[PDB]
Amino acid sequence: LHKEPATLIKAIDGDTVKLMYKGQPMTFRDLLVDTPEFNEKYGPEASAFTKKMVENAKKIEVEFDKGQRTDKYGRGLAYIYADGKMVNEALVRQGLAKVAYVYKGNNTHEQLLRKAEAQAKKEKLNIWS
Ligand SMILES: Cc1cn([C@H]2C[C@H](OP(=O)(O)O)[C@@H](COP(=O)(O)O)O2)c(=O)[nH]c1=O
Ligand SMILES: [Ca+2]
Numbered sequence: 007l008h009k010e011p012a013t014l015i016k017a018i019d020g021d022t023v024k025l026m027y028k029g030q031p032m033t034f035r036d037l038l039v040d041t042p043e050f051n052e053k054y055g056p057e058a059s060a061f062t063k064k065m066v067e068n069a070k071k072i073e074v075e076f077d078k079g080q081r082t083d084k085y086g087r088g089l090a091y092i093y094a095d096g097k098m099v100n101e102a103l104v105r106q107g108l109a110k111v112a113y114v115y116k117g118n119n120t121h122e123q124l125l126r127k128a129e130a131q132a133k134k135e136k137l138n139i140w141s
C-alpha cells in the first residue's frame with residue numbers, strides 16, 4: 007500500500023474525519039475499526061482522541077487498501093496517518109475502537125490491529141475496562 011497526501015478540513019468523530027484529498031473535500035471513514043457514536053459510552057473520548065491526533069499533526073496521509081475506496085455513503089475508506097502514526101491502530105491500542113468491518117480484500121492491516129486490540133484488552137483500557 008501507498009501513503010498519499012491530504013490535509014485536515016475538520017475532525018468529525020472517533021472514526022470519521024473530513025480531509026482534502028487530491029484537492030477535494032471528502033469524509034473518510036477509518037478502515038477496520040468501529041468507535042462508539050458520540051452519544052454512546054467512550055464516544056466522546058474516541059472523538060477527542062482522534063481530534064487531537066489529526067489537529068496536532070504536521071502531516072496527514074491517507075492509505076487506501078486493495079479493494080473499494082469509497083463506501084455506499086461516498087465516504088473514503090482508508091488508513092489515516094498523523095505524522096506517520098496510524099490513527100486506526102492508535103484508537104484500537106487505546107481501547108477506544110474495536111476491530112470491526114473486516115471485509116475480504118480491504119484488510120491488509122487486520123492482524124496489526126488485532127494485535128493492538130489484544131494489548132488494549134489485556135490492559136483493560138477504556139472499552140475493555
Ligand atoms: C468501515 C466500513 C464501513 N462500511 C459501512 C457498513 C455500515 O453500513 P450501515 O450504515 O448500513 O450499518 C456502515 C458503518 O459505518 P459507521 O460505523 O460509520 O456507522 O458503513 C463499509 O461499507 N465499509 C467499510 O469498510
Ligand atoms: Ca462508528
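Going left to right, the sequence shown walks through residues 7 to 43, 50 to 141 as the authors' numbering numbers them.
Every residue, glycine too, gets a C-beta built ideally from N, C-alpha and C.
Check                                                                                                                                                     : Outcome
Roughly how far, in whole angstroms, is the beta-carbon of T41 from the beta-carbon of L125, given that I think they are within contact range, below 8 Å? : Not a contact, Cβ separation roughly 13 Å.
Provide the residue span of the alpha helix (DSSP H) that contains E122, from first to last.                                                              : 122-134
Would the C-beta of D83 count as close to ligand 2, meaning under 8 Å from any of its heavy atoms?                                                        : no
In three-state DSSP terms, what is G88?                                                                                                                   : strand
Give the DSSP bridge partners of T82, in chain order.                                                                                                     : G88
For ligand 2, is there any heavy atom lying closer than 8 Å to the beta carbon of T33?                                                                    : no
Just grab the DSSP bridge partners of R35 for me.                                                                                                         : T22, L89
Which term fits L7, buried or exposed, when burial requires 16 or more other beta carbons within 10 angstroms of its beta carbon?                         : exposed
Taking 8 Å as the cut-off, does the stretch 94-108 touch the stretch 61-72 (at least 3 CB pairs, one atom from each stretch)?                             : yes
From this set, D36, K134, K133, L103, which residue's C-alpha is nearest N118's C-alpha?                                                                  : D36
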